[PDB]
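Residue numbers (the numbering used here), protein chains in the order written: chain D, 1 to 226; chain P, 1001 to 1119; chain F, 2001 to 2128; chain X, 3001 to 3065; chain G, 4001 to 4119; chain V, 5001 to 5220; chain A, 6001 to 6101. Even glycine gets a Cβ: it sits at the ideal position worked out from N, Cα and C. Reading through the C-alpha cells given below for one structure.
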Amino acid sequence: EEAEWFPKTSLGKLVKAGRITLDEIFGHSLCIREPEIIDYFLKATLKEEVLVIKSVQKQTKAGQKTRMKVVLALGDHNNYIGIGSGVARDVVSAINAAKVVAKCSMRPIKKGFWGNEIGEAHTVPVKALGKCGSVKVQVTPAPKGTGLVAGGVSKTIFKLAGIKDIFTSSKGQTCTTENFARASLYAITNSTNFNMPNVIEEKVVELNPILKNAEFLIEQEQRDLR
Amino acid sequence: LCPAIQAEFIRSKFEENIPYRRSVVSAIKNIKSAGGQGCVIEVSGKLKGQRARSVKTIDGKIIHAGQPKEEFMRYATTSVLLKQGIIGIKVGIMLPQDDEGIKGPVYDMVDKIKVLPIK
Amino acid sequence: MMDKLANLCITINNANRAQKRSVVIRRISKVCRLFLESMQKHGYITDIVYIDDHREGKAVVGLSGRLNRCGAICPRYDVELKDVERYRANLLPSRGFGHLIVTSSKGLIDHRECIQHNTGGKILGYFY
Amino acid sequence: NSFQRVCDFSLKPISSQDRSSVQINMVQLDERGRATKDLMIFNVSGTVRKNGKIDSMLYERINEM
Amino acid sequence: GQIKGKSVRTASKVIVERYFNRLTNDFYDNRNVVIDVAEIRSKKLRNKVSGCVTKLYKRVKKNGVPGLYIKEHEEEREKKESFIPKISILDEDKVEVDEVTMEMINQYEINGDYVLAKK
Amino acid sequence: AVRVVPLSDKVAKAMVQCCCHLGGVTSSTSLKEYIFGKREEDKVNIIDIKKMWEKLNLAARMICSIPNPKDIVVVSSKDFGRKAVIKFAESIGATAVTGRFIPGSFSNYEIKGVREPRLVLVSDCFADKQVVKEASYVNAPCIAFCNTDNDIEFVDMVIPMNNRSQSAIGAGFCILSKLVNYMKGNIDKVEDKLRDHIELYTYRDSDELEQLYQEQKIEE
Amino acid sequence: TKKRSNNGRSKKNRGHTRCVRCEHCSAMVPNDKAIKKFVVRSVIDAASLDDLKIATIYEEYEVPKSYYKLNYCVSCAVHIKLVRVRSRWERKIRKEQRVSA
RNA sequence: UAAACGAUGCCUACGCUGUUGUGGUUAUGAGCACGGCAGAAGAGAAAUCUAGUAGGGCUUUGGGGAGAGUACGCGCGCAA
Ligand SMILES: [Zn+2]
C-alpha cells in the first residue's frame, strides 16, 4: 500500500515530468517545498542518524503536559546533508515530523585539497566559522590521512557530508545538542561559499528553468483542464 | 466494535503483568482498525504506587451529549484484583455508520448537513 | 590619535560590507601607500588616486569583488624566517591563497617571497 | 553543478537555502520599439533585498547597458 | 437570542450561489426549493434556512451583498457598466497649469494649447 | 539613452489632464531622482514627465518576457481603484485578486485559487504590503506604482505616479495596457482609443451610475 | 531588570532638580517626576446659575473662576486613580489629559 | 562617605534614515557645537542597545557560594 504523488507546486510538475536535475535545482537557488522532490532523486541512498531525544514539559492547573522532541540528520555520504527537529506526543510521530524539516533543508557541500590538487578532494576548502546561540565552531583543512579530529555530535555530521579529514575547535556550551549540530553545519556551509580567487572567472549565466519551460507548463495547464 | 471484549483483553494483560501503556495502545489500534470512528479508555487505581491516579486516553470522534449518544456509543466496565488493590477499567467506542444496519446506525447524525453535487 | 594603518583597514572593511565600490581614506603615510600598491599587484583593488592637499594626505580607491578581508597587526613583531609560517597558519584561511605582508630591507614582500629571498623582517598586515 | 550560482549585484555565491533570492527576466526592445525573443537575466541575492538597495542598483545597470 | 448558527448560515450561502435563478422573493417558493434539493432531516432546520435565504435575497437583488458572488449579478453589473458614462475629460484640450509643469512641457517640448495657471 | 516607444502629443496631454504629475508634499531619498521642482503656492512636488515615460516603458518590456501570461498576478485591494485591475488583466491575459489578499495564499498549498506567481503587480502599495512581503518567499519580481511619500524594500520597478485620486489610477493602467499590446503587435498606434478606454477604467459612484443610466435610457 | 528607558522621570542633561510636596500626604517628590493635574473651577456651582440670574444687581454677570496646579506622588496618584497599571506595549503611549473642573 | 547611577573609564576612528529642539553663521540650498525621539541593519543568553565594526593607545578592575570588606600590623582624623 502506497499513495501516488500529485505535485502541489510548479517546480513539482517539472520533476515528475522528468525535465530537471538536482544540480540544476541547487544551482538556481530554487525553493523546495515538497519532500517528495528529494525522495525522487535520493530515496535509494539516504541514511539518517538521531542525534538527540529529550522530554519537554508545560505546567498546567492539572499538572505537567509533556512531549518528545527529536533532532536528526539526513545525508548520503557523498555531497548532501540536512538537519531537522520535530516535537510530538510520541517518539515515532516526532521522527516523521523531523524528516520533513530535514528534507526541506538539504544543501550541497563543496570539497578541496590541503596542498596540491593530486587525487580526489577530501577536506573543507578554507578555514571558516559557524555560530548558533552561545556555541561557536571553527573548521580548518587537514592533510590527507589524518581523519576526523572532531567532538561527539559534530563527528557524525562531517561523516554524513562525505568529508575525510578535518581539524576542529569549539567554544561555548556544547552540551546543548541542537546548537552544536546547527553551528557545525553552518561552519562547513560558510566554507563552501567563500569568495575564492578563481570564482569571478568561473562565473556562468543562464535563464531560470521555470521561465525556460513555460511552454510545456502551459500545455500541462490545458491538459489538466481538458 | 464490542467494548466488553476489549476490556477483557485489557484485564488479562494486567494479570499477565504487562505495562498499562502498551496494553492500552494495542487496544486502541484494534478498535480503530475494526472501523470504530473513535474510542475512550480510562484506567484507575493504585497503578504506579501508594498514591492512586487515573489515566485517560481519547482517539478520533466521541459523542457525549444528547440522543446521538444513545445510538452511536457503546460502553463497558470491568475490574482486576491485584496484591495491592482493585484496578478499574472503562472502555467506550463510537460505532461506524452502516447503510445495512449491522455494524451501527443506518442514518447518520441529525446535525450533519450535506449538499448534493450539480450535473 | 589613531594609527594610520589601522584606520585604512577599518575604512575599506566597513565599506565592503556595506557593498560600496569606492571610498575616500583621510590620513595617509608612506607605508600606507606601499600597502595599497601591494593590494593592486595581487588584483585585490583596481584603481588608486592620491590627493596632494597639503594637509596630511588622502586617497581614492576602487574595490574588487575578490576582497573578503584585510587587517593590520599591532605591534609590528620581529620575525626570523623560521617564525613566519606560524603567523601564516594563524591569520590566513587556507594554505592555497591569501597574502601575509612583511616589511624588510627589500621593501614590502609576501610570505612566499620570504622563502625566495631568504629573509625575515617585521609583520605588518594581511588580506584575503 | 550545485556550486555555480553567483549574485550579479554583490559578487558572491548564493546558498541553496536562501528563500529570498530571485531571478529577474526582461525582454529586449525591437526596431520601432516592439518585442523580441531574446532575454536579459539577473540573479539577485536576499541581502540586498532585505535592505531595499535593489531598486537603485538595477536602474544603474540598465543604464550601464 | 435568535442567531442562526454555523451550519444554517453555511447551507444558506451555498444554496443561493448553487441555484440562484430557482429562488424568488417568496418564503413558500424558497421552502419548496429547500424541501426539494436538501438532505435536511427536520422541518425545524429548513424553516430557519429558508428564513435566512429569503433575508439574503432582498439584499442580494438590491445591488449585491459583498462576500457573495452571483454570476447573474456579475452580468447585471456588466450591463450597468455597458450603460457607459458619457462624461468627458477627453474634450478638455484647452488647459491652464502651473509654471513647474509649463517648464516640464518646455524641457520635453510638448505641443498643445496649454496656458499658465491664472489662479 | 534607453530605447522607448515614442511619445505622442495627445498621450502627453491626456496624462496632464488626469493630474498624474501632482505628487505629495513629502519626499524620500529613493524618489528625489524623479522630481523636477516644487509648487510655490502649494508645496506640492511635481513629477518629471520624461522619466515617467521611461519607467513605464521599462515595465512594459519585462511584462512581455514571461510566457503563459496567466502566471502574472495583478492585485489591488481597494475600491476607488477596483475595476481597473479587473479589465487590465483581461487586456493581457493575466490573473487577478480583488478583495483582501489572504495572508499565506502564495506560501500555503491548502488555500485555493491563486497560482504560484512569476511576476506581481501592485497599485498604491501602502495597502497590499502583505503582497510585497509574501512574493519575497517565492523568488518573484515585483512592479509597483508609487508616490513620493512612500518607500519600499523589495519593489524592483517603481513607476512614479499619483495614486490618491481616481483620475490618476485610470491613466497609468490604461496606458500600460496599450504599450504591452503594442510591443507584441496587437495594435498599430497608441493614440487610437484614448477617451473610450481611459473613461471605462475611471472609478464612479453608484450615485453617478444611477444618473448616467437615466440619461442613457432617455437618449435610447 | 530595567522597566523604563527614562527611569520613570523627565530629567536629562542635569545633576539635580527642585523638590515639591504631595497634595494628599505632603511627601517630598522631585519636580521632574511628580504627577501633575490642572483644575479650572467656577466659584459658583452649575445648580445655582438660574438663581444668580435673579439675585444679581448688574445687567449681566460673568462668574469668577479659580485656577490650580496640583502635584501628586506615585502612591497617591495610583490610589486616587489618576493613573493605572498598563500592559508592556501600552506603557509607551504618551497623551495629554483633560483639564479638570 | 552615598542606588556620588544613564548601575555603561578617557582620548581618537569608521559608520542608515526620518523627525523635533538650543546658540551662532549663511550662496537661504545648508552647515558647526550640544541634545531628545522613532524605526532599520547588525549584535547579544535574553531583556534590549552608551552594547554595531576593529591585534589603535593608556590607567582602574573580576575569577563558585560562605567566613569577609572581618583579624593583626600600618597611615591619616579632635572624635565619629
Ligand atoms: Zn502622596
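Practice task
Note down the Cα distance separating residue 5062 of chain V from residue 3061 of chain X, rounded to an integer number of angstroms.
Solution key: Those two C-alpha atoms are separated by around 15 Å.
Return the residue from the list D/101, D/170, D/146, D/111 that minimises the CA-CA distance to residue 134 of chain D.
Considering only alpha carbons, the answer is D/170.
Quiz item: Helix, strand or coil: which one does DSSP assign to residue 82 of chain D?
Solution: When DSSP states are grouped into helix, strand and coil, residue 82 of chain D belongs to the strand group.
Would you mind giving the Cβ-Cβ distance between residue 5095 of chain V and residue 5115 of chain V, rounded to the nearest angstrom? I have them listed as a contact below 8 Å. Contact check for residue 5095 of chain V and residue 5115 of chain V: beta-carbon distance about 6 Å, within the 8 Å limit, so the pair qualifies.
- Message: At a CB distance below 8 Å, what residues from the segment 3015-3027 of chain X approach chain V? Give them in sequence order.
- Response: Residues 3019, 3020, 3021, 3022, 3023, 3024, 3025, 3026, 3027.
inquiry  = Is residue 6019 of chain A near ligand 1 - that is, is its Cβ less than 7 Å away from at least one heavy atom of it?
reply    = In terms of side-chain proximity, the C-beta atom of residue 6019 of chain A is found no nearer than 7 Å to any non-hydrogen atom of ligand 1.
| residue 4108 of chain G touches chain V at which residues, Cβ-Cβ below 7 Å? | Simply 5049, 5050.
Query - Nearest-residue set for ligand 1, Cβ under 7 Å from any heavy atom - result: This selection yields A/6022, A/6024, A/6025, A/6027, A/6072, A/6073, A/6075, A/6076.
Which of the residues in the segment 2083-2097 of chain F, read from start to end, lie with their CB under 7 Å from any CB of chain D? Hits within the stretch, in order: 2093, 2094, 2095, 2097.
message: Going by C-alpha to C-alpha distance, which of F/2088, F/2046, F/2099 sits closest to residue 2060 of chain F?
response: When the alpha-carbon of residue 2060 of chain F is set against those of F/2088, F/2046, F/2099, the nearest one is in F/2046.
Q | Reference residue 5032 of chain V, options V/5016, V/5076, V/5051, V/5041, closest by Cα | A | Selected option, being the one with the closest Cα: V/5051.
Task: Proximal chain X residues relative to residue 226 of chain D, where beta-carbon distance stays under 9 Å - done: The premise fails here: residue 226 of chain D is roughly 28 Å from chain X at the closest Cβ pair, so nothing lies under 9 Å.
Please compile the residues from chain V whose C-beta is within a distance smaller than 8 Å of the C-beta of residue 4112 of chain G.
-> Within 8 Å Cβ-Cβ: 5009, 5012, 5013.
Review point. Where does residue 1050 of chain P land, buried or exposed, given buried means 16+ other C-beta within 10 angstroms?
Key: Taking all protein chains shown into account, residue 1050 of chain P has fewer than 16 neighbouring C-beta atoms within 10 Å of its C-beta and is therefore exposed.
*asked:* For the segment 27-46 of chain D against the segment 72-85 of chain D, do three or more pairs of beta-carbon atoms, one drawn from each stretch, fall closer than 8 Å, so that the two count as touching?
replied: Contact between the segment 27-46 of chain D and the segment 72-85 of chain D is present, because at least three Cβ pairs lie under 8 Å.
Assuming residue 2081 of chain F contacts residue 2126 of chain F (C-beta within less than 8 Å), just tell me the rounded distance between them. Incorrect: roughly 18 Å between the Cβ atoms, too far for contact.
Q.
Threshold first: 4 residues or longer. Then list the alpha helix (DSSP H) segments lying entirely within the segment 5006-5045 of chain V, N to C.
A. Taken in chain order, the whole alpha helix (DSSP H) runs of length 4 or more contained in the segment 5006-5045 of chain V are 5009-5017.
Checklist entry - If the cut is a Cβ gap below 8 Å, which residues of chain F does residue 114 of chain D touch? => result The contacting residues are 2095.
Worksheet item: residue 1111 of chain P lies in the beta strand (DSSP E); which residues open and close that run?
Response: According to the DSSP assignment, residue 1111 of chain P belongs to no beta strand (DSSP E), since it is labelled neither H nor E.
- request: Going by DSSP, name the residue or residues bridged to residue 1060 of chain P.
  value: Residue 1060 of chain P is bridged to P/1038.
Cβ-based contacts, 9 Å cut-off: residues of the segment 5187-5204 of chain V near chain G | Taking 9 Å as the Cβ-Cβ cut-off, the segment 5187-5204 of chain V approaches chain G at 5194, 5195, 5196, 5198, 5199, 5200, 5202, 5204, given in chain order.
- Same chain only: Cβ atoms within 8 Å of residue 5156 of chain V, ignoring 5 sequence neighbours per side: Within the same chain, residue 5156 of chain V has close Cβ partners 5141, 5142, 5143.
Quiz item: If you scan the segment 96-166 of chain D from start to end, which runs of the alpha helix (DSSP H) of 4 or more residues do you find wholly inside it?
Solution: For secondary structure counted as the alpha helix (DSSP H) over 4 or more consecutive residues, the segment 96-166 of chain D holds these complete runs in sequence order: 152-160.
* To which residues does DSSP link residue 1082 of chain P through a beta bridge? -> Looking at the DSSP assignment, residue 1082 of chain P forms a beta bridge with P/1085.
Checklist line | Cβ shell of residue 178 of chain D (< 6 Å), same chain only, five flanking positions each side left out | finding: Within the same chain, residue 178 of chain D has close Cβ partners 71.
For residue 176 of chain D and residue 131 of chain D, I'd like the C-alpha separation in whole angstroms. Roughly 13 Å separates the two Cα atoms.
| field | Which of helix, strand or coil DSSP assigns to residue 6019 of chain A | value | In the three-state DSSP reduction, residue 6019 of chain A falls in the strand class (E or B).
So which residues of chain V does residue 3050 of chain X contact, with C-beta pairs closer than 8 Å?
-> In chain order: 5153.
(Q) So residue 3011 of chain X contacts chain F; which residues on that side make the cut at Cβ distance below 8 Å? (A) Listed along chain F, the residues sitting closer than 8 Å to residue 3011 of chain X by beta-carbon distance are 2065.
*Are the CB atoms of residue 2132 of chain F and residue 2096 of chain F nearer to each other than 8 Å?*
What is shown of chain F runs 2001 to 2128, which leaves residue 2132 of chain F out entirely.
*asked:* So with CB distances below 7 Å, who are the chain D contacts of residue 5138 of chain V?
replied: Chain D residues near residue 5138 of chain V: 31.
Note to self: Looking at chain D, is there any beta carbon in it that lies within less than 8 Å of the beta carbon of residue 2068 of chain F?
What the structure shows: Interface flag for residue 2068 of chain F against chain D is set, since a Cβ pair is found closer than 8 Å.
*Note down, one range per segment and in chain order, each beta strand (DSSP E) of at least 3 residues found wholly within the segment 2028-2085 of chain F.*
As for any beta strand (DSSP E) of minimum length 3 sitting wholly inside the segment 2028-2085 of chain F, the runs are 2045-2051, 2058-2063, 2070-2072, ordered along the chain.
Are the C-beta atoms of residue 2116 of chain F and some chain X residue less than 8 Å apart?
No - not a single Cβ of chain X is within 8 Å of the one on residue 2116 of chain F.
Exercise for the section: Pick out whichever of V/5138, V/5087, V/5088, V/5091 has its Cα sitting closest to the Cα of residue 5109 of chain V. Expected result: Measuring from the Cα of residue 5109 of chain V, the nearest candidate turns out to be V/5138.
> Looking at C-alpha atoms only, which residue of V/5127, V/5186, V/5003 is the closest neighbour of residue 3063 of chain X?
Replying inline: Ranking the options by Cα distance to residue 3063 of chain X, first place goes to V/5003.
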